[PDB]
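As stored in start-v3.pdb (PDB, C-alpha atoms):
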```
ATOM      1  CA  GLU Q2233      -7.954  65.222  28.547
ATOM      2  CA  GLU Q2234      -7.483  65.264  32.327
ATOM      3  CA  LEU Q2235      -3.704  64.925  31.972
ATOM      4  CA  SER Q2236      -3.921  67.725  29.411
ATOM      5  CA  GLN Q2237      -5.772  69.774  32.042
ATOM      6  CA  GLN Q2238      -4.158  68.788  35.334
ATOM      7  CA  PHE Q2239      -0.587  69.838  34.416
ATOM      8  CA  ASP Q2240      -1.155  73.198  32.759
ATOM      9  CA  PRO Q2241       1.761  75.557  33.533
ATOM     10  CA  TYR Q2242       4.645  73.047  33.390
ATOM     11  CA  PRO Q2243       6.020  72.733  29.832
ATOM     12  CA  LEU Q2244       8.215  69.720  30.580
ATOM     13  CA  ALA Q2245       5.154  68.066  32.113
ATOM     14  CA  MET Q2246       3.115  69.109  29.074
ATOM     15  CA  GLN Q2247       5.584  67.417  26.722
ATOM     16  CA  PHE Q2248       5.847  64.370  29.001
ATOM     17  CA  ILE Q2249       2.067  63.903  29.074
ATOM     18  CA  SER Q2250       1.708  64.507  25.333
ATOM     19  CA  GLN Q2251       4.622  62.133  24.650
ATOM     20  CA  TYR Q2252       3.033  58.760  25.324
ATOM     21  CA  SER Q2253       0.051  57.093  23.695
ATOM     22  CA  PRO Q2254      -3.399  57.218  25.289
ATOM     23  CA  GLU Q2255      -3.013  53.514  26.148
ATOM     24  CA  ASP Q2256       0.336  53.737  27.902
ATOM     25  CA  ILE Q2257      -0.848  55.006  31.316
ATOM     26  CA  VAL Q2258      -3.013  53.110  33.795
ATOM     27  CA  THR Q2259      -4.472  53.802  37.236
ATOM     28  CA  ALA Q2260      -4.141  51.102  39.873
ATOM     29  CA  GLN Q2261      -6.595  51.050  42.757
ATOM     30  CA  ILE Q2262      -5.624  49.740  46.187
ATOM     31  CA  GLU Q2263      -7.916  48.647  49.001
ATOM     32  CA  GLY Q2264      -7.615  50.928  52.006
ATOM     33  CA  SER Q2265      -7.861  48.125  54.540
ATOM     34  CA  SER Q2266      -5.420  45.234  54.788
ATOM     35  CA  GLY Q2267      -6.099  41.887  53.200
ATOM     36  CA  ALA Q2268      -4.500  40.194  56.222
ATOM     37  CA  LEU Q2269      -3.175  40.902  59.723
ATOM     38  CA  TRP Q2270       0.140  42.312  60.938
ATOM     39  CA  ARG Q2271       1.442  38.840  61.761
ATOM     40  CA  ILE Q2272       4.635  39.520  63.717
ATOM     41  CA  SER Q2273       6.648  38.051  66.568
ATOM     42  CA  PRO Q2274       5.651  39.643  69.897
ATOM     43  CA  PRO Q2275       9.361  40.002  70.610
ATOM     44  CA  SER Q2276       9.661  41.973  67.366
ATOM     45  CA  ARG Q2277       6.456  43.877  68.132
ATOM     46  CA  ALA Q2278       7.941  44.828  71.506
ATOM     47  CA  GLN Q2279      11.233  45.864  69.918
ATOM     48  CA  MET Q2280       9.550  48.067  67.310
ATOM     49  CA  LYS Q2281       7.309  49.483  70.049
TER      50      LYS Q2281
ATOM     51  CA  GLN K2282       3.154  12.613  64.750
ATOM     52  CA  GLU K2283       5.821  12.214  62.066
ATOM     53  CA  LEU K2284       8.522  13.538  64.404
ATOM     54  CA  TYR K2285       7.174  11.359  67.235
ATOM     55  CA  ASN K2286       6.544   8.010  65.575
ATOM     56  CA  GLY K2287       6.740   8.333  61.787
ATOM     57  CA  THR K2288       9.116   5.450  61.112
ATOM     58  CA  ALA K2289      10.924   6.967  58.135
ATOM     59  CA  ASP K2290      13.381   9.714  57.242
ATOM     60  CA  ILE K2291      12.707  13.451  57.061
ATOM     61  CA  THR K2292      14.432  16.169  55.052
ATOM     62  CA  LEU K2293      15.229  19.749  56.015
ATOM     63  CA  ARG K2294      16.001  22.215  53.221
ATOM     64  CA  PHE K2295      18.217  25.107  54.190
ATOM     65  CA  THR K2296      17.690  27.549  51.308
ATOM     66  CA  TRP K2297      19.954  30.552  50.960
ATOM     67  CA  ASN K2298      19.151  32.931  48.117
ATOM     68  CA  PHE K2299      20.329  36.290  46.822
ATOM     69  CA  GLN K2300      19.214  38.873  44.301
ATOM     70  CA  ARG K2301      21.520  41.484  42.788
ATOM     71  CA  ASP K2302      20.527  44.629  40.899
ATOM     72  CA  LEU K2303      19.674  44.728  37.212
ATOM     73  CA  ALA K2304      20.964  47.992  35.722
ATOM     74  CA  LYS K2305      24.423  46.719  36.696
ATOM     75  CA  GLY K2306      23.799  43.990  34.113
ATOM     76  CA  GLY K2307      23.450  40.284  34.655
ATOM     77  CA  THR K2308      20.891  38.172  32.803
ATOM     78  CA  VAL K2309      19.797  36.213  35.889
ATOM     79  CA  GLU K2310      18.576  37.801  39.073
ATOM     80  CA  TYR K2311      17.231  35.348  41.686
ATOM     81  CA  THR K2312      20.246  33.157  42.397
ATOM     82  CA  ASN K2313      20.029  30.380  44.979
ATOM     83  CA  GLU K2314      20.531  26.708  45.801
ATOM     84  CA  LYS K2315      19.046  24.387  48.396
ATOM     85  CA  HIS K2316      20.863  22.171  50.894
ATOM     86  CA  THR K2317      19.494  18.968  52.407
ATOM     87  CA  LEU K2318      19.843  17.441  55.854
ATOM     88  CA  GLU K2319      18.367  14.030  56.675
ATOM     89  CA  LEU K2320      16.924  12.998  60.045
ATOM     90  CA  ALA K2321      16.258   9.382  60.974
ATOM     91  CA  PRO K2322      13.058   7.852  62.340
ATOM     92  CA  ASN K2323      13.127   8.742  66.055
ATOM     93  CA  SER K2324      16.693  10.034  66.216
ATOM     94  CA  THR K2325      18.283  12.391  68.741
ATOM     95  CA  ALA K2326      17.537  15.576  66.803
ATOM     96  CA  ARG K2327      14.117  14.055  66.109
ATOM     97  CA  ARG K2328      13.656  13.828  69.882
ATOM     98  CA  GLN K2329      14.798  17.438  70.276
TER      99      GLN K2329
ATOM    100  CA  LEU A2330       3.282  55.755  65.668
ATOM    101  CA  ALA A2331       3.667  55.534  69.454
ATOM    102  CA  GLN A2332      -0.032  56.310  69.887
ATOM    103  CA  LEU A2333      -0.742  53.757  67.152
ATOM    104  CA  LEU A2334       1.452  51.079  68.757
ATOM    105  CA  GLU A2335      -0.138  51.602  72.191
ATOM    106  CA  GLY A2336      -3.004  49.311  71.156
ATOM    107  CA  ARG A2337      -5.842  51.828  70.973
ATOM    108  CA  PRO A2338      -8.326  52.237  68.079
ATOM    109  CA  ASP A2339      -8.411  56.029  67.908
ATOM    110  CA  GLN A2340      -5.186  57.551  66.647
ATOM    111  CA  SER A2341      -3.581  58.123  63.234
ATOM    112  CA  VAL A2342      -0.307  59.132  61.561
ATOM    113  CA  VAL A2343       1.218  62.010  59.618
ATOM    114  CA  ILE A2344       3.443  61.385  56.590
ATOM    115  CA  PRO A2345       5.707  64.187  55.299
ATOM    116  CA  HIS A2346       4.883  63.501  51.650
ATOM    117  CA  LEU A2347       6.435  60.112  50.910
ATOM    118  CA  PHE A2348       3.890  58.686  48.472
ATOM    119  CA  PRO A2349       4.086  59.793  44.816
ATOM    120  CA  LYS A2350       1.114  59.666  42.465
ATOM    121  CA  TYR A2351       2.550  59.446  38.913
ATOM    122  CA  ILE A2352       5.267  56.849  38.299
ATOM    123  CA  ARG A2353       7.062  56.130  35.030
ATOM    124  CA  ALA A2354       7.308  52.344  34.649
ATOM    125  CA  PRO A2355       9.965  52.135  31.926
ATOM    126  CA  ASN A2356      10.902  49.517  29.357
ATOM    127  CA  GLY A2357      13.932  48.880  31.555
ATOM    128  CA  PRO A2358      14.811  47.293  34.892
ATOM    129  CA  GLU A2359      14.020  50.223  37.221
ATOM    130  CA  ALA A2360      10.748  52.121  37.545
ATOM    131  CA  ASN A2361      11.031  55.768  38.522
ATOM    132  CA  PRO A2362       8.611  58.496  39.621
ATOM    133  CA  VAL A2363       7.875  61.159  37.027
ATOM    134  CA  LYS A2364       9.975  64.296  37.549
ATOM    135  CA  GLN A2365       7.912  66.499  35.206
ATOM    136  CA  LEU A2366       4.272  66.268  36.274
ATOM    137  CA  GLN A2367       5.726  66.091  39.804
ATOM    138  CA  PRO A2368       8.624  68.586  39.742
ATOM    139  CA  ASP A2369       9.503  68.887  43.439
ATOM    140  CA  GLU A2370      11.166  65.531  44.192
ATOM    141  CA  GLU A2371      10.076  65.610  47.826
ATOM    142  CA  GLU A2372       6.807  67.598  47.983
ATOM    143  CA  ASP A2373       4.944  66.982  44.721
ATOM    144  CA  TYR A2374       4.751  63.397  45.984
ATOM    145  CA  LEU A2375       1.620  63.283  48.107
ATOM    146  CA  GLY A2376       1.116  62.293  51.744
ATOM    147  CA  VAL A2377      -0.135  59.080  53.338
ATOM    148  CA  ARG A2378      -1.695  58.101  56.645
ATOM    149  CA  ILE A2379      -2.314  54.797  58.395
ATOM    150  CA  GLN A2380      -4.782  53.343  60.888
ATOM    151  CA  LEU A2381      -4.036  50.369  63.134
ATOM    152  CA  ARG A2382      -7.185  48.463  64.083
ATOM    153  CA  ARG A2383      -7.269  45.900  66.904
ATOM    154  CA  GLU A2384     -10.195  43.462  67.132
ATOM    155  CA  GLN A2385     -10.535  41.709  70.486
ATOM    156  CA  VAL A2386     -10.742  37.919  70.239
ATOM    157  CA  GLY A2396       1.376  41.546  74.905
ATOM    158  CA  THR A2397      -1.206  39.133  76.287
ATOM    159  CA  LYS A2398      -4.157  41.468  75.746
ATOM    160  CA  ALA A2399      -2.334  42.650  72.618
ATOM    161  CA  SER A2400      -2.378  39.002  71.512
ATOM    162  CA  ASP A2401      -6.077  38.596  72.330
ATOM    163  CA  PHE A2402      -6.552  41.661  70.162
ATOM    164  CA  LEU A2403      -5.705  40.946  66.521
ATOM    165  CA  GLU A2404      -4.677  43.934  64.467
ATOM    166  CA  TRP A2405      -4.164  45.135  60.920
ATOM    167  CA  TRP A2406      -3.627  48.369  58.991
ATOM    168  CA  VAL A2407      -5.780  50.615  56.805
ATOM    169  CA  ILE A2408      -4.155  53.057  54.375
ATOM    170  CA  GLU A2409      -5.375  56.509  53.348
ATOM    171  CA  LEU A2410      -3.993  59.869  52.296
ATOM    172  CA  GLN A2411      -2.494  62.486  54.597
ATOM    173  CA  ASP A2412      -5.698  64.390  53.723
ATOM    174  CA  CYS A2413      -8.056  61.828  52.221
ATOM    175  CA  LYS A2414     -11.003  62.764  50.009
ATOM    176  CA  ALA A2415     -12.217  59.355  48.826
ATOM    177  CA  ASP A2416      -8.969  57.310  48.834
ATOM    178  CA  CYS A2417      -9.741  56.190  52.390
ATOM    179  CA  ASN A2418     -11.933  53.647  50.595
ATOM    180  CA  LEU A2419      -9.895  53.127  47.394
ATOM    181  CA  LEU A2420      -6.429  54.650  47.202
ATOM    182  CA  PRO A2421      -5.280  55.576  43.677
ATOM    183  CA  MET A2422      -1.939  55.430  41.916
ATOM    184  CA  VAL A2423      -1.069  56.380  38.344
ATOM    185  CA  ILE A2424       1.656  54.865  36.172
ATOM    186  CA  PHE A2425       2.845  55.539  32.628
ATOM    187  CA  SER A2426       4.873  53.118  30.520
TER     188      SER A2426
ATOM    189  CA  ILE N2379      16.412  26.658  66.991
ATOM    190  CA  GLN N2380      14.120  27.872  69.761
ATOM    191  CA  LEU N2381      10.329  27.624  69.655
ATOM    192  CA  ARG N2382       8.654  30.340  71.723
ATOM    193  CA  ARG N2383       4.973  30.205  72.701
ATOM    194  CA  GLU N2384       3.225  33.375  73.909
ATOM    195  CA  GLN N2385      -0.086  32.773  75.670
ATOM    196  CA  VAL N2386      -2.998  34.754  74.230
ATOM    197  CA  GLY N2396      -4.170  21.952  70.115
ATOM    198  CA  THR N2397      -6.634  24.206  71.921
ATOM    199  CA  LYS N2398      -4.123  25.415  74.504
ATOM    200  CA  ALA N2399      -1.551  25.189  71.704
ATOM    201  CA  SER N2400      -3.821  27.568  69.774
ATOM    202  CA  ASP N2401      -4.169  29.959  72.722
ATOM    203  CA  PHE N2402      -0.385  29.939  72.753
ATOM    204  CA  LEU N2403       1.043  31.534  69.606
ATOM    205  CA  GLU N2404       4.514  30.426  68.642
ATOM    206  CA  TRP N2405       7.471  31.295  66.457
ATOM    207  CA  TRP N2406      11.129  30.359  66.001
ATOM    208  CA  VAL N2407      14.473  31.934  66.887
ATOM    209  CA  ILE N2408      17.649  30.834  65.095
ATOM    210  CA  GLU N2409      21.162  30.557  66.525
ATOM    211  CA  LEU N2410      24.315  28.505  66.116
ATOM    212  CA  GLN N2411      24.909  24.998  67.433
ATOM    213  CA  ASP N2412      27.272  26.791  69.853
ATOM    214  CA  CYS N2413      26.359  30.469  69.721
ATOM    215  CA  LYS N2414      28.720  33.236  70.837
ATOM    216  CA  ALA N2415      26.835  36.365  69.772
ATOM    217  CA  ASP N2416      24.848  35.106  66.743
ATOM    218  CA  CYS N2417      21.929  34.330  69.059
ATOM    219  CA  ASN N2418      21.246  38.049  68.622
ATOM    220  CA  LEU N2419      22.504  38.555  65.038
ATOM    221  CA  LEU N2420      23.406  35.491  62.993
ATOM    222  CA  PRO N2421      26.080  36.074  60.326
ATOM    223  CA  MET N2422      26.561  34.741  56.820
ATOM    224  CA  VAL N2423      29.297  35.541  54.309
ATOM    225  CA  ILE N2424      28.993  35.565  50.522
ATOM    226  CA  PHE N2425      31.447  36.277  47.714
ATOM    227  CA  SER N2426      30.477  37.189  44.158
TER     228      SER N2426
END
```

Written as structure tokens, that's how I'd like the structure from this file.
Amino acid sequence: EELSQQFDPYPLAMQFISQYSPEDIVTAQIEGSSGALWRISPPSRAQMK
Amino acid sequence: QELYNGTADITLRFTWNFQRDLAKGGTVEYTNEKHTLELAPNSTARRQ
Amino acid sequence: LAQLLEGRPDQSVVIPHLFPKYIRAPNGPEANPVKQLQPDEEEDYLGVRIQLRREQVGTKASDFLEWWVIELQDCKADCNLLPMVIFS
Amino acid sequence: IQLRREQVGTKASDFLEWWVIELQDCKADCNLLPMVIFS
């Protein structure tokens, strides 16, 4: 129903959203922070800097 | 301690590898092969 | 990025709308962003921003240990949990 | 190969190290090593 709502005035988007099944779209979440460090050579860090 | 005094051989794998694109075709994608070099117990390159 | 890479935990970034939000993952070898719900091909795709955080443990830049935190160009709640939407 | 330690084994942990590749007798590949492939 949200994808029916959120794309109102675009008819190609309307047909694209109404095309697929309900269970053909998913929403991935991603953690804002890193799961690690920026492990990098200090030479390469200096060159990118 | 292996490179110092491990009295046996030691392998180094040089591993090149490539990956092409897929809409060009090709039914395999991650092509590669290893390559082995052998170093003696306490050899010159072992000392390096 | 220069203010980020100076090693200071204050600054941020601006992204001119790189990150899309609705991506068609096909039954083929190449996923593509939707061109219908997002019709603008450079601007419908939303904006990102990054934060570089250094935690003290370049010599000082080695004693500091750093990582990155992602968010939107104008974050609402995706500074905790960024979203992305795909259709297959 | 070249192993480079940048001071930040205990001393070997305060130093943080990586590797730089080159040829056995490098001419300019100590900056940019080449490799050639044919398909």

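Put simply, the ChimeraX specification (/N :<12) & /Q in this file takes in residues 2271, 2272, 2273, 2274, 2275 and 2276 of chain Q.
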
Report task. Tell me, in Å to one decimal, how far CA of residue 2329 (chain K) is from CA of residue 2413 (chain N). Result ->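 Between CA of residue 2329 (chain K) and CA of residue 2413 (chain N) the gap is 17.4 Å.
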
Please build the interface table for chain A against chain N with a cut-off of 6 Å, listing for each qualifying residue the nearest atom pair and the distance in Å to one decimal; count all atoms listed in the file, order rows by chain and increasing number, and write it as CSV.
```
residue,atom,partner,partner_atom,distance
A:2397,CA,N:2386,CA,5.2
A:2400,CA,N:2386,CA,5.1
A:2401,CA,N:2386,CA,5.3
```

Write a file of the just-selected residues containing C-alpha atoms, as a compact mmCIF listing (two decimals), in the frame of the given file.
```
# COMPACT_ATOMS: atom_id res chain seq x y z
CA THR A 2397 -1.21 39.13 76.29
CA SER A 2400 -2.38 39.00 71.51
CA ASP A 2401 -6.08 38.60 72.33
```

Query - Distance in Å - CA of residue 2266 (chain Q) versus CA of residue 2384 (chain A) - result: 13.4 Å

Query raised in the report: Quick one: of Q:2278, Q:2236, Q:2251, Q:2245, who's nearest to chain A, counting all atoms listed in the file?
Result: Q:2245

Query raised in the report: Once the ChimeraX specification (/N :<12) & /K has been applied to the shown file, what residues remain in the selection, as a PyMOL selection string?
Result: chain K and resi 2297-2301+2312-2313+2326+2329
